[PDB]
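S.K.: I have a structure I would like to understand better, so I am pasting it below and will then ask my questions one at a time.
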Amino acid sequence: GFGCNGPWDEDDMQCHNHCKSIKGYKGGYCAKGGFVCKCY
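Quick note: to get this note's numbering, add 135 to the position in the sequence shown (first position is 1).
Below, the structure is given as structure tokens:
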């Protein structure tokens, strides 16, 4: 979700911006074959 819609629809920036809006996270990217927005 959050832009991570598989290896043909992998919007890392959308995920990153989603993750950065959550207190305590620095960023994010698509993981698990493009299907998971992973925040860090």
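In this text, a Cβ means the ideal position worked out from N, Cα and C, and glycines have one as well.
Name the residue from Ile157, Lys158 and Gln149 whose alpha carbon lies nearest to the alpha carbon of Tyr164.
M.R.: The count along the sequence shown starts at 1 and reaches residue 164 at position 29. The shortest Cα separation from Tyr164 among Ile157, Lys158 and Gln149 belongs to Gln149.
S.K.: Please state whether the Cβ-Cβ distance between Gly136 and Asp146 is less than 8 Å.
M.R.: For the purposes of this step, residue 136 is taken as the residue at position 1 of the sequence shown. For the purposes of this step, residue 146 is taken as the residue at position 11 of the sequence shown. Not in contact: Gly136 and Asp146 (Cβ atoms no closer than 8 Å).
S.K.: Which residues mark the beginning and the end of the beta strand (DSSP E) in which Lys173 is found?
M.R.: Here the question's residue 173 lines up with position 38 in the sequence shown. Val171 to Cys174 is the span of the beta strand (DSSP E), which, as asked, contains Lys173.
S.K.: So who's on the other strand from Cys139, going by DSSP bridges?
M.R.: For this step, residue 139 is matched to residue 4 along the sequence shown. Bridge partners of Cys139: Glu145.
S.K.: Using only the alpha-carbon positions, how far apart do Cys172 and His153 sit?
M.R.: The residue you call residue 172 lines up with position 37 of the sequence shown. The residue you call residue 153 lines up with position 18 of the sequence shown. In a straight line, the C-alpha of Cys172 is about 9 Å away from that of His153.
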